[PDB]
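To be precise, the following lines are my_file-v4.pdb, and they hold PDB, C-alpha atoms and all ligand atoms.
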```pdb
ATOM      1  CA  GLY A   1       0.000   0.000   0.000  1.00  0.00           C
ATOM      2  CA  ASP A   2       2.624   2.558   1.035  1.00  0.00           C
ATOM      3  CA  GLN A   3       5.144   3.230  -1.740  1.00  0.00           C
ATOM      4  CA  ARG A   4       8.493   4.457  -0.443  1.00  0.00           C
ATOM      5  CA  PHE A   5      10.121   6.824  -2.925  1.00  0.00           C
ATOM      6  CA  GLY A   6      13.343   8.197  -1.536  1.00  0.00           C
ATOM      7  CA  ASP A   7      12.481   9.717   1.817  1.00  0.00           C
ATOM      8  CA  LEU A   8       8.770  10.202   0.979  1.00  0.00           C
ATOM      9  CA  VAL A   9       5.764   7.861   1.083  1.00  0.00           C
ATOM     10  CA  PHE A  10       2.903   7.723  -1.425  1.00  0.00           C
ATOM     11  CA  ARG A  11      -0.409   5.928  -0.874  1.00  0.00           C
ATOM     12  CA  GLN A  12      -3.186   5.526  -3.424  1.00  0.00           C
ATOM     13  CA  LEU A  13      -6.562   6.518  -1.963  1.00  0.00           C
ATOM     14  CA  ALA A  14      -8.770   6.313  -5.078  1.00  0.00           C
ATOM     15  CA  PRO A  15      -8.309   5.614  -8.812  1.00  0.00           C
ATOM     16  CA  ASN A  16      -7.178   9.214  -9.440  1.00  0.00           C
ATOM     17  CA  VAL A  17      -6.018  10.267  -5.937  1.00  0.00           C
ATOM     18  CA  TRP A  18      -2.809   9.682  -3.960  1.00  0.00           C
ATOM     19  CA  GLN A  19      -1.595  10.920  -0.576  1.00  0.00           C
ATOM     20  CA  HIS A  20       1.965  12.269  -0.414  1.00  0.00           C
ATOM     21  CA  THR A  21       3.838  12.098   2.898  1.00  0.00           C
ATOM     22  CA  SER A  22       7.073  13.853   3.874  1.00  0.00           C
ATOM     23  CA  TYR A  23       8.992  14.035   7.162  1.00  0.00           C
ATOM     24  CA  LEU A  24      10.839  16.721   9.095  1.00  0.00           C
ATOM     25  CA  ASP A  25      12.676  16.417  12.385  1.00  0.00           C
ATOM     26  CA  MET A  26      11.092  18.654  14.983  1.00  0.00           C
ATOM     27  CA  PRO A  27      13.762  18.884  17.712  1.00  0.00           C
ATOM     28  CA  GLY A  28      11.638  17.844  20.682  1.00  0.00           C
ATOM     29  CA  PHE A  29       8.974  15.920  18.751  1.00  0.00           C
ATOM     30  CA  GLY A  30      10.693  13.393  16.469  1.00  0.00           C
ATOM     31  CA  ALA A  31      10.286  13.135  12.707  1.00  0.00           C
ATOM     32  CA  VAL A  32       6.827  14.516  11.946  1.00  0.00           C
ATOM     33  CA  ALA A  33       4.864  13.248   8.949  1.00  0.00           C
ATOM     34  CA  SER A  34       2.889  15.716   6.846  1.00  0.00           C
ATOM     35  CA  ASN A  35       0.349  14.626   4.225  1.00  0.00           C
ATOM     36  CA  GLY A  36      -0.944  16.271   1.067  1.00  0.00           C
ATOM     37  CA  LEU A  37      -2.777  15.064  -2.038  1.00  0.00           C
ATOM     38  CA  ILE A  38      -2.116  14.390  -5.722  1.00  0.00           C
ATOM     39  CA  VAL A  39      -5.111  14.234  -8.077  1.00  0.00           C
ATOM     40  CA  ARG A  40      -5.177  13.231 -11.732  1.00  0.00           C
ATOM     41  CA  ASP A  41      -7.888  15.151 -13.588  1.00  0.00           C
ATOM     42  CA  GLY A  42      -7.896  13.791 -17.128  1.00  0.00           C
ATOM     43  CA  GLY A  43      -4.630  14.757 -18.782  1.00  0.00           C
ATOM     44  CA  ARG A  44      -3.248  16.869 -15.938  1.00  0.00           C
ATOM     45  CA  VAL A  45      -2.290  16.585 -12.275  1.00  0.00           C
ATOM     46  CA  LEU A  46      -3.321  18.822  -9.381  1.00  0.00           C
ATOM     47  CA  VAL A  47      -1.421  19.012  -6.081  1.00  0.00           C
ATOM     48  CA  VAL A  48      -2.700  19.891  -2.610  1.00  0.00           C
ATOM     49  CA  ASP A  49       0.090  21.114  -0.272  1.00  0.00           C
ATOM     50  CA  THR A  50       3.848  21.031  -0.696  1.00  0.00           C
ATOM     51  CA  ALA A  51       6.148  18.825   1.319  1.00  0.00           C
ATOM     52  CA  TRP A  52       8.117  20.366   4.192  1.00  0.00           C
ATOM     53  CA  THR A  53      11.056  21.370   1.953  1.00  0.00           C
ATOM     54  CA  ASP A  54      11.916  22.316  -1.616  1.00  0.00           C
ATOM     55  CA  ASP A  55      13.991  19.149  -2.072  1.00  0.00           C
ATOM     56  CA  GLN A  56      11.115  16.954  -0.881  1.00  0.00           C
ATOM     57  CA  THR A  57       8.656  18.838  -3.077  1.00  0.00           C
ATOM     58  CA  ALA A  58      10.884  18.316  -6.127  1.00  0.00           C
ATOM     59  CA  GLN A  59      10.774  14.617  -5.243  1.00  0.00           C
ATOM     60  CA  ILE A  60       6.958  14.734  -5.288  1.00  0.00           C
ATOM     61  CA  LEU A  61       7.218  16.114  -8.820  1.00  0.00           C
ATOM     62  CA  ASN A  62       9.680  13.341  -9.690  1.00  0.00           C
ATOM     63  CA  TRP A  63       7.247  10.711  -8.388  1.00  0.00           C
ATOM     64  CA  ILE A  64       4.434  12.271 -10.440  1.00  0.00           C
ATOM     65  CA  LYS A  65       6.623  12.168 -13.556  1.00  0.00           C
ATOM     66  CA  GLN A  66       7.429   8.484 -13.049  1.00  0.00           C
ATOM     67  CA  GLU A  67       4.033   7.216 -11.866  1.00  0.00           C
ATOM     68  CA  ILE A  68       1.587   9.482 -13.746  1.00  0.00           C
ATOM     69  CA  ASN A  69       3.655  11.243 -16.433  1.00  0.00           C
ATOM     70  CA  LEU A  70       1.294  14.170 -17.015  1.00  0.00           C
ATOM     71  CA  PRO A  71       1.876  17.897 -16.441  1.00  0.00           C
ATOM     72  CA  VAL A  72       1.103  19.364 -13.032  1.00  0.00           C
ATOM     73  CA  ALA A  73      -1.379  22.124 -13.859  1.00  0.00           C
ATOM     74  CA  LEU A  74      -1.592  23.764 -10.434  1.00  0.00           C
ATOM     75  CA  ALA A  75      -1.018  23.407  -6.721  1.00  0.00           C
ATOM     76  CA  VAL A  76      -3.127  24.758  -3.868  1.00  0.00           C
ATOM     77  CA  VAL A  77      -1.625  25.061  -0.382  1.00  0.00           C
ATOM     78  CA  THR A  78      -3.784  25.038   2.708  1.00  0.00           C
ATOM     79  CA  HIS A  79      -2.063  27.456   5.149  1.00  0.00           C
ATOM     80  CA  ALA A  80       1.162  29.393   5.737  1.00  0.00           C
ATOM     81  CA  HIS A  81       3.173  26.861   7.755  1.00  0.00           C
ATOM     82  CA  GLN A  82       6.216  24.908   6.568  1.00  0.00           C
ATOM     83  CA  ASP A  83       4.467  21.519   6.306  1.00  0.00           C
ATOM     84  CA  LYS A  84       2.049  22.962   3.664  1.00  0.00           C
ATOM     85  CA  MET A  85       4.047  25.715   1.937  1.00  0.00           C
ATOM     86  CA  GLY A  86       7.721  24.963   2.620  1.00  0.00           C
ATOM     87  CA  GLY A  87       8.280  23.734  -0.928  1.00  0.00           C
ATOM     88  CA  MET A  88       6.767  26.638  -2.868  1.00  0.00           C
ATOM     89  CA  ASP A  89      10.071  27.488  -4.582  1.00  0.00           C
ATOM     90  CA  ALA A  90      10.275  23.966  -6.025  1.00  0.00           C
ATOM     91  CA  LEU A  91       6.811  24.349  -7.553  1.00  0.00           C
ATOM     92  CA  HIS A  92       7.819  27.697  -9.032  1.00  0.00           C
ATOM     93  CA  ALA A  93      11.110  26.308 -10.338  1.00  0.00           C
ATOM     94  CA  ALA A  94       9.051  23.631 -12.137  1.00  0.00           C
ATOM     95  CA  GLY A  95       6.726  26.228 -13.693  1.00  0.00           C
ATOM     96  CA  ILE A  96       3.617  25.192 -11.746  1.00  0.00           C
ATOM     97  CA  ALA A  97       0.898  27.768 -11.055  1.00  0.00           C
ATOM     98  CA  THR A  98       0.325  28.095  -7.307  1.00  0.00           C
ATOM     99  CA  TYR A  99      -2.716  29.137  -5.244  1.00  0.00           C
ATOM    100  CA  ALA A 100      -3.347  29.901  -1.572  1.00  0.00           C
ATOM    101  CA  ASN A 101      -5.807  31.774   0.597  1.00  0.00           C
ATOM    102  CA  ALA A 102      -5.117  35.490   0.188  1.00  0.00           C
ATOM    103  CA  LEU A 103      -4.455  35.550   3.937  1.00  0.00           C
ATOM    104  CA  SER A 104      -1.860  32.780   3.567  1.00  0.00           C
ATOM    105  CA  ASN A 105      -0.038  34.824   0.931  1.00  0.00           C
ATOM    106  CA  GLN A 106      -0.163  37.878   3.180  1.00  0.00           C
ATOM    107  CA  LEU A 107       1.253  35.880   6.111  1.00  0.00           C
ATOM    108  CA  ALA A 108       3.843  33.951   4.087  1.00  0.00           C
ATOM    109  CA  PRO A 109       6.853  36.323   4.460  1.00  0.00           C
ATOM    110  CA  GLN A 110       6.537  36.675   8.240  1.00  0.00           C
ATOM    111  CA  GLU A 111       6.139  32.891   8.512  1.00  0.00           C
ATOM    112  CA  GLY A 112       9.301  32.353   6.466  1.00  0.00           C
ATOM    113  CA  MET A 113       7.310  31.019   3.508  1.00  0.00           C
ATOM    114  CA  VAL A 114       7.289  32.016  -0.134  1.00  0.00           C
ATOM    115  CA  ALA A 115       3.854  33.261  -1.207  1.00  0.00           C
ATOM    116  CA  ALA A 116       1.832  31.459  -3.842  1.00  0.00           C
ATOM    117  CA  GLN A 117       1.424  33.258  -7.151  1.00  0.00           C
ATOM    118  CA  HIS A 118      -2.377  33.531  -6.891  1.00  0.00           C
ATOM    119  CA  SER A 119      -4.731  34.402  -4.044  1.00  0.00           C
ATOM    120  CA  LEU A 120      -8.017  32.672  -3.293  1.00  0.00           C
ATOM    121  CA  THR A 121     -10.825  34.674  -1.755  1.00  0.00           C
ATOM    122  CA  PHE A 122     -13.931  33.284  -0.130  1.00  0.00           C
ATOM    123  CA  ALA A 123     -17.605  34.113   0.026  1.00  0.00           C
ATOM    124  CA  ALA A 124     -19.268  34.792   3.364  1.00  0.00           C
ATOM    125  CA  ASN A 125     -20.416  31.156   3.576  1.00  0.00           C
ATOM    126  CA  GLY A 126     -16.858  29.873   3.150  1.00  0.00           C
ATOM    127  CA  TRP A 127     -16.855  28.591  -0.431  1.00  0.00           C
ATOM    128  CA  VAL A 128     -14.052  29.838  -2.663  1.00  0.00           C
ATOM    129  CA  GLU A 129     -15.029  32.561  -5.081  1.00  0.00           C
ATOM    130  CA  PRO A 130     -14.785  30.537  -8.310  1.00  0.00           C
ATOM    131  CA  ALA A 131     -13.121  33.326 -10.304  1.00  0.00           C
ATOM    132  CA  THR A 132     -10.096  33.031  -7.975  1.00  0.00           C
ATOM    133  CA  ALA A 133      -9.801  29.241  -8.423  1.00  0.00           C
ATOM    134  CA  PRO A 134      -9.997  28.828 -12.216  1.00  0.00           C
ATOM    135  CA  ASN A 135      -9.457  25.395 -13.741  1.00  0.00           C
ATOM    136  CA  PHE A 136      -9.567  23.623 -10.373  1.00  0.00           C
ATOM    137  CA  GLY A 137     -11.435  20.647 -11.862  1.00  0.00           C
ATOM    138  CA  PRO A 138     -12.754  18.398  -9.091  1.00  0.00           C
ATOM    139  CA  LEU A 139     -11.092  20.380  -6.272  1.00  0.00           C
ATOM    140  CA  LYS A 140     -13.740  22.128  -4.159  1.00  0.00           C
ATOM    141  CA  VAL A 141     -12.054  24.621  -1.836  1.00  0.00           C
ATOM    142  CA  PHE A 142     -13.744  25.704   1.400  1.00  0.00           C
ATOM    143  CA  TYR A 143     -12.676  28.127   4.132  1.00  0.00           C
ATOM    144  CA  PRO A 144     -14.260  26.756   7.348  1.00  0.00           C
ATOM    145  CA  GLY A 145     -13.287  29.623   9.641  1.00  0.00           C
ATOM    146  CA  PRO A 146     -10.223  30.119  11.832  1.00  0.00           C
ATOM    147  CA  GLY A 147      -9.015  27.043  13.673  1.00  0.00           C
ATOM    148  CA  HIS A 148      -5.559  25.500  13.498  1.00  0.00           C
ATOM    149  CA  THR A 149      -4.690  28.857  11.943  1.00  0.00           C
ATOM    150  CA  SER A 150      -6.700  31.866  10.862  1.00  0.00           C
ATOM    151  CA  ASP A 151      -5.965  31.110   7.189  1.00  0.00           C
ATOM    152  CA  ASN A 152      -6.552  27.333   7.104  1.00  0.00           C
ATOM    153  CA  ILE A 153      -8.518  26.076   4.089  1.00  0.00           C
ATOM    154  CA  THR A 154      -9.881  22.650   3.153  1.00  0.00           C
ATOM    155  CA  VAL A 155     -10.433  20.746  -0.095  1.00  0.00           C
ATOM    156  CA  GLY A 156     -12.966  18.158  -1.224  1.00  0.00           C
ATOM    157  CA  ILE A 157     -12.462  16.017  -4.322  1.00  0.00           C
ATOM    158  CA  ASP A 158     -15.652  15.871  -6.393  1.00  0.00           C
ATOM    159  CA  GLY A 159     -16.427  12.398  -7.695  1.00  0.00           C
ATOM    160  CA  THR A 160     -14.745  10.741  -4.699  1.00  0.00           C
ATOM    161  CA  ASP A 161     -15.583  10.165  -1.045  1.00  0.00           C
ATOM    162  CA  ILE A 162     -12.496  12.164   0.006  1.00  0.00           C
ATOM    163  CA  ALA A 163     -12.230  15.481   1.824  1.00  0.00           C
ATOM    164  CA  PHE A 164      -8.964  16.998   3.056  1.00  0.00           C
ATOM    165  CA  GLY A 165      -8.929  18.895   6.335  1.00  0.00           C
ATOM    166  CA  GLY A 166      -5.222  19.704   6.471  1.00  0.00           C
ATOM    167  CA  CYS A 167      -4.049  20.655   9.931  1.00  0.00           C
ATOM    168  CA  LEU A 168      -7.565  21.595  11.071  1.00  0.00           C
ATOM    169  CA  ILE A 169      -8.633  17.970  11.601  1.00  0.00           C
ATOM    170  CA  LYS A 170      -7.017  15.324  13.796  1.00  0.00           C
ATOM    171  CA  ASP A 171      -7.730  11.607  13.778  1.00  0.00           C
ATOM    172  CA  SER A 172     -10.451  10.041  15.913  1.00  0.00           C
ATOM    173  CA  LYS A 173      -7.908   8.704  18.441  1.00  0.00           C
ATOM    174  CA  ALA A 174      -5.783  11.861  18.656  1.00  0.00           C
ATOM    175  CA  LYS A 175      -5.019  13.142  22.145  1.00  0.00           C
ATOM    176  CA  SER A 176      -4.262  16.802  21.379  1.00  0.00           C
ATOM    177  CA  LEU A 177      -4.891  19.431  18.725  1.00  0.00           C
ATOM    178  CA  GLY A 178      -1.149  19.628  18.098  1.00  0.00           C
ATOM    179  CA  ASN A 179       0.452  23.001  17.410  1.00  0.00           C
ATOM    180  CA  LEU A 180      -1.921  25.686  18.697  1.00  0.00           C
ATOM    181  CA  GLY A 181       0.655  28.486  18.479  1.00  0.00           C
ATOM    182  CA  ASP A 182      -1.262  30.234  15.684  1.00  0.00           C
ATOM    183  CA  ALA A 183      -4.673  28.770  16.504  1.00  0.00           C
ATOM    184  CA  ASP A 184      -7.986  30.546  17.066  1.00  0.00           C
ATOM    185  CA  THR A 185      -9.028  28.747  20.239  1.00  0.00           C
ATOM    186  CA  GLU A 186     -12.419  30.472  20.396  1.00  0.00           C
ATOM    187  CA  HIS A 187     -13.558  29.505  16.886  1.00  0.00           C
ATOM    188  CA  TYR A 188     -11.683  26.211  16.346  1.00  0.00           C
ATOM    189  CA  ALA A 189     -14.613  23.972  17.300  1.00  0.00           C
ATOM    190  CA  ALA A 190     -17.092  25.737  15.011  1.00  0.00           C
ATOM    191  CA  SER A 191     -14.609  25.715  12.119  1.00  0.00           C
ATOM    192  CA  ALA A 192     -14.073  21.963  12.442  1.00  0.00           C
ATOM    193  CA  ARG A 193     -17.839  21.406  12.350  1.00  0.00           C
ATOM    194  CA  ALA A 194     -18.207  23.727   9.352  1.00  0.00           C
ATOM    195  CA  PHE A 195     -15.701  21.584   7.433  1.00  0.00           C
ATOM    196  CA  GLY A 196     -17.784  18.468   8.062  1.00  0.00           C
ATOM    197  CA  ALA A 197     -20.971  20.243   6.987  1.00  0.00           C
ATOM    198  CA  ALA A 198     -19.350  21.533   3.792  1.00  0.00           C
ATOM    199  CA  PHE A 199     -18.484  17.962   2.730  1.00  0.00           C
ATOM    200  CA  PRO A 200     -21.362  15.782   3.989  1.00  0.00           C
ATOM    201  CA  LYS A 201     -20.764  12.929   1.517  1.00  0.00           C
ATOM    202  CA  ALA A 202     -17.066  12.528   2.371  1.00  0.00           C
ATOM    203  CA  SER A 203     -16.445   9.228   4.149  1.00  0.00           C
ATOM    204  CA  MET A 204     -12.632   9.321   3.871  1.00  0.00           C
ATOM    205  CA  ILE A 205     -11.214  12.268   5.813  1.00  0.00           C
ATOM    206  CA  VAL A 206      -7.591  12.997   4.919  1.00  0.00           C
ATOM    207  CA  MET A 207      -5.508  15.170   7.226  1.00  0.00           C
ATOM    208  CA  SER A 208      -2.005  16.465   7.727  1.00  0.00           C
ATOM    209  CA  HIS A 209      -0.527  14.247  10.452  1.00  0.00           C
ATOM    210  CA  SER A 210      -2.483  10.966  10.536  1.00  0.00           C
ATOM    211  CA  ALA A 211      -3.575   8.280   8.115  1.00  0.00           C
ATOM    212  CA  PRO A 212      -7.001   8.821   6.500  1.00  0.00           C
ATOM    213  CA  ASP A 213      -9.865   8.286   8.928  1.00  0.00           C
ATOM    214  CA  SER A 214     -13.651   8.111   9.037  1.00  0.00           C
ATOM    215  CA  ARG A 215     -15.911  11.082   9.759  1.00  0.00           C
ATOM    216  CA  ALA A 216     -15.359  10.346  13.463  1.00  0.00           C
ATOM    217  CA  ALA A 217     -12.178  12.399  13.036  1.00  0.00           C
ATOM    218  CA  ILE A 218     -14.329  15.498  12.503  1.00  0.00           C
ATOM    219  CA  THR A 219     -16.591  14.919  15.508  1.00  0.00           C
ATOM    220  CA  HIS A 220     -13.638  14.011  17.742  1.00  0.00           C
ATOM    221  CA  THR A 221     -11.623  17.053  16.660  1.00  0.00           C
ATOM    222  CA  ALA A 222     -14.580  19.338  17.373  1.00  0.00           C
ATOM    223  CA  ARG A 223     -15.101  17.865  20.861  1.00  0.00           C
ATOM    224  CA  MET A 224     -11.477  18.589  21.771  1.00  0.00           C
ATOM    225  CA  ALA A 225     -11.561  22.167  20.467  1.00  0.00           C
ATOM    226  CA  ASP A 226     -14.438  22.711  22.738  1.00  0.00           C
ATOM    227  CA  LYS A 227     -11.971  22.351  25.703  1.00  0.00           C
ATOM    228  CA  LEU A 228      -9.953  25.423  24.463  1.00  0.00           C
ATOM    229  CA  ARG A 229     -13.120  27.493  25.136  1.00  0.00           C
TER     230      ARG A 229
HETATM  231  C1  LIG A 301       4.017  17.632  16.302  1.00  0.00           C
HETATM  232  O1  LIG A 301       4.947  18.633  16.426  1.00  0.00           O
HETATM  233  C2  LIG A 301       4.814  19.658  15.498  1.00  0.00           C
HETATM  234  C3  LIG A 301       4.276  19.478  14.253  1.00  0.00           C
HETATM  235  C4  LIG A 301       4.166  20.552  13.392  1.00  0.00           C
HETATM  236  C5  LIG A 301       4.594  21.803  13.798  1.00  0.00           C
HETATM  237  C6  LIG A 301       4.540  22.917  12.995  1.00  0.00           C
HETATM  238  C7  LIG A 301       3.845  22.763  11.648  1.00  0.00           C
HETATM  239  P1  LIG A 301       1.964  22.673  11.781  1.00  0.00           P
HETATM  240  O2  LIG A 301       1.600  21.267  11.979  1.00  0.00           O
HETATM  241  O3  LIG A 301       1.501  23.534  12.906  1.00  0.00           O
HETATM  242  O4  LIG A 301       1.397  23.179  10.449  1.00  0.00           O
HETATM  243  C8  LIG A 301       4.836  24.167  13.473  1.00  0.00           C
HETATM  244  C9  LIG A 301       5.400  24.249  14.760  1.00  0.00           C
HETATM  245  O5  LIG A 301       5.714  25.245  15.223  1.00  0.00           O
HETATM  246  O6  LIG A 301       5.559  23.164  15.473  1.00  0.00           O
HETATM  247  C10 LIG A 301       5.130  21.979  15.028  1.00  0.00           C
HETATM  248  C11 LIG A 301       5.230  20.885  15.860  1.00  0.00           C
HETATM  249 ZN    ZN A 302       0.061  24.539  10.580  1.00  0.00          ZN
HETATM  250 ZN    ZN A 303       0.193  20.490  10.996  1.00  0.00          ZN
END
```

As a first step, turn the structure in this file into structure tokens.
Ligand SMILES: COc1ccc2c(CP(=O)(O)O)cc(=O)oc2c1
Ligand SMILES: [Zn+2]
Ligand SMILES: [Zn+2]
Amino acid sequence: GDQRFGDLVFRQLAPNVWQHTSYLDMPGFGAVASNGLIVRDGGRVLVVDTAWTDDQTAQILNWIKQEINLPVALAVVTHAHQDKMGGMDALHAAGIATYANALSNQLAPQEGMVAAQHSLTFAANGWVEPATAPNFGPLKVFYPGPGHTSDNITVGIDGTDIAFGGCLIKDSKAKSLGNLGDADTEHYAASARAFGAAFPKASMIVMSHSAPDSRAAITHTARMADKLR
């Protein structure tokens, strides 16, 4: 199931969807896995999140070349932390168009990240304004409210049972909400529930630091964010 490709791991989740996993030593936490997605949409590939580093992200592109062999049309990154945007330069070096929440691009320099080339904006109900996410194919981008960070966004894959919560969602057996340094403790619980409501059909919940889980990950995450209130 898990394909090891250099220092990264790739796992097929659906006929056109794979999870990419990369690792970074956090002095004091061990080697932390971070997950993103790779989606084939016809004759092109779409990426959700970089790896932690440029070198790892270039390796994602190398895996895509070997295992899919179609151009990567775009990447969308789900907030301005290293696990999700650390490899932006590698995407730009490869000529890939990049997208992030406008707020993520605003925060990127102070977070030590390189901004994406394009900014997503969101309607009052949280759905991306479609003019800012052109040619996204099956990717349905939703801002659930501030939680893990103020800029965190989420992505469902139309035609599959998969929704990606990024660092907002933890697995159903998780014991903590992880890094709350940039979190909105007041609104976290509501934002987690809004993600679940935006993607009611999704039975496979993919997230940044755990293997894919059932919808119990959403309910469990929300119950824990209640304790920050
Ligand atoms: C589990 O230990 C971690 C994992 C990730 C982080 C990150 C990246 P994120 O997961 O918050 O996006 C930022 C940080 O300051 O410490 C961390 C500690
Ligand atoms: Zn984060
Ligand atoms: Zn994280």

query = the PyMOL selection byres (((chain A and resi 91) around 10) and not hetatm) on the file shown: which residues, as a VMD selection string?
reply = chain A and resid 47 50 54 57 to 58 60 to 61 72 74 to 75 85 87 to 90 92 to 98 116

query = Got a sec to check which residues lie within 7 Å of ligand LIG 301 (chain A), using all atoms listed in the file, and send them as a ChimeraX atom specification?
reply = /A:26,29,32,81-84,167,178-179,181

Atoms kept (C-alpha atoms) for selection, written as a PDB file, in the coordinates of the input:
```
ATOM      1  CA  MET A  26      11.092  18.654  14.983  1.00  0.00           C
ATOM      2  CA  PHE A  29       8.974  15.920  18.751  1.00  0.00           C
ATOM      3  CA  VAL A  32       6.827  14.516  11.946  1.00  0.00           C
ATOM      4  CA  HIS A  81       3.173  26.861   7.755  1.00  0.00           C
ATOM      5  CA  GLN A  82       6.216  24.908   6.568  1.00  0.00           C
ATOM      6  CA  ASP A  83       4.467  21.519   6.306  1.00  0.00           C
ATOM      7  CA  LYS A  84       2.049  22.962   3.664  1.00  0.00           C
ATOM      8  CA  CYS A 167      -4.049  20.655   9.931  1.00  0.00           C
ATOM      9  CA  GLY A 178      -1.149  19.628  18.098  1.00  0.00           C
ATOM     10  CA  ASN A 179       0.452  23.001  17.410  1.00  0.00           C
ATOM     11  CA  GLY A 181       0.655  28.486  18.479  1.00  0.00           C
TER      12      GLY A 181
END
```

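When only C-alpha atoms are used to measure the gap to residue 142 (chain A), the shortest distance among A:216, A:108, A:118, A:78 belongs to A:78.
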
task = Name the residues captured by the PyMOL selection byres (((not hetatm)) within 12 of (chain A and resi 302)) when it is applied to the shown file; answer as a VMD selection string.
result = chain A and resid 34 to 35 49 52 77 to 86 104 111 146 to 153 165 to 169 177 to 184 207 to 209

May I have the centre and edge lengths, in Å to one decimal, of an axis-aligned box around the listed atoms of region 80-89 of chain A with 6 Å added to every side, as AutoDock Vina command-line options?
```
--center_x 5.6 --center_y 25.5 --center_z 1.6 --size_x 20.9 --size_y 19.9 --size_z 24.3
```

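Here the question is which of A:17, A:73, A:155, A:51 gets nearest to ligand ZN 303 (chain A) using only C-alpha atoms and all ligand atoms, and that residue is A:51.
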
task = Show which residues sit within 9 Å of residue 128 (chain A), as a PyMOL selection string. Count all atoms listed in the file, and ignore same-chain residues fewer than 4 positions away.
result = chain A and resi 120-123+132-133+140-143

Residue neighbourhood residue 20 (chain A), 7 Å, all atoms listed in the file, exclusion window fewer than 2 positions, as a PyMOL selection string = chain A and resi 9-11+18+22+35-37

Take region 42-57 of chain A, model N, CA and C atoms, and hand the result over as a CSV table (one decimal), in the frame of the given file.
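Writing done, so here's out-v5.csv:
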```csv
chain,number,residue,atom,x,y,z
A,42,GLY,N,-8.1,14.0,-15.7
A,42,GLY,CA,-7.9,13.8,-17.1
A,42,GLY,C,-6.4,13.8,-17.5
A,43,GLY,N,-6.0,14.7,-18.3
A,43,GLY,CA,-4.6,14.8,-18.8
A,43,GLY,C,-3.7,15.7,-18.0
A,44,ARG,N,-4.1,16.0,-16.8
A,44,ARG,CA,-3.2,16.9,-15.9
A,44,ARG,C,-3.3,16.4,-14.5
A,45,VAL,N,-2.4,16.9,-13.7
A,45,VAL,CA,-2.3,16.6,-12.3
A,45,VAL,C,-2.4,17.9,-11.4
A,46,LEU,N,-3.1,17.7,-10.3
A,46,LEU,CA,-3.3,18.8,-9.4
A,46,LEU,C,-2.7,18.4,-8.0
A,47,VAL,N,-2.1,19.3,-7.4
A,47,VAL,CA,-1.4,19.0,-6.1
A,47,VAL,C,-2.0,19.8,-5.0
A,48,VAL,N,-2.3,19.2,-3.8
A,48,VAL,CA,-2.7,19.9,-2.6
A,48,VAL,C,-1.6,19.8,-1.6
A,49,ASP,N,-1.0,20.9,-1.2
A,49,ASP,CA,0.1,21.1,-0.3
A,49,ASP,C,1.5,20.7,-0.8
A,50,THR,N,2.5,21.5,-0.4
A,50,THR,CA,3.8,21.0,-0.7
A,50,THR,C,4.3,20.0,0.4
A,51,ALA,N,5.5,19.5,0.2
A,51,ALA,CA,6.1,18.8,1.3
A,51,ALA,C,6.8,19.9,2.2
A,52,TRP,N,7.5,19.4,3.3
A,52,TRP,CA,8.1,20.4,4.2
A,52,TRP,C,9.2,21.2,3.5
A,53,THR,N,9.9,20.7,2.5
A,53,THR,CA,11.1,21.4,2.0
A,53,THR,C,11.0,21.4,0.4
A,54,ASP,N,11.8,22.3,-0.2
A,54,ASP,CA,11.9,22.3,-1.6
A,54,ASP,C,12.4,21.0,-2.2
A,55,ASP,N,13.5,20.4,-1.6
A,55,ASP,CA,14.0,19.1,-2.1
A,55,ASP,C,12.9,18.0,-2.0
A,56,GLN,N,12.2,18.0,-1.0
A,56,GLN,CA,11.1,17.0,-0.9
A,56,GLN,C,10.0,17.2,-1.9
A,57,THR,N,9.7,18.5,-2.1
A,57,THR,CA,8.7,18.8,-3.1
A,57,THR,C,9.1,18.5,-4.5
```
